[PDB]
Amino acid sequence: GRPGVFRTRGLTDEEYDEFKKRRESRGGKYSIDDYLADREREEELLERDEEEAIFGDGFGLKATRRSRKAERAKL
């Protein structure tokens, strides 16, 4: 335990700028820990899933549906 009113963990200008933007989004009511919590997401979301076919056995979310053969695209 420590009396750290404002933490950082290791936020560079870019992460902090994002944080500022995100904090402005909250009208200033956005502490670093709120950011750090979603940062715990961002890093998880930084890799996997979006690389196609990681979020399960399929990749339908981002499947390249070219669909050049569709006489009835909407039924």
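When we count neighbours, we look across all protein chains shown, and the Cβ atoms used for this are built from the backbone with ideal geometry, even at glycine. What follows draws every value from the coordinates through simple rules; no lab data is involved.
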*So which residues in the stretch 42-57 are outside any loop (DSSP other than H, G, I, E, B) and either more than 16 Å from the chain's Cα centre (by Cα) or loosely packed, with under 10 Cβ neighbours inside 10 Å (or both), if there are any at all?*
none
_Filter result for the condition that a residue is polar (S, T, N, Q), assigned to a loop (DSSP other than H, G, I, E, B) and either exposed (fewer than 10 other Cβ atoms within 10 Å of the Cβ) or in contact with a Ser or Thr (Cβ under 8 Å, 6 or more places away or on another chain) (or both), over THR64, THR8_ = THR64
*Got a number for residues in the stretch 11-36 being in a helix (DSSP H, G or I) and either touching a helix residue (DSSP H, G or I) at 6+ places or on another chain (Cβ under 7 Å) or surrounded by 10 or more Cβ atoms within 10 Å (Cβ to Cβ) (or both)?*
16
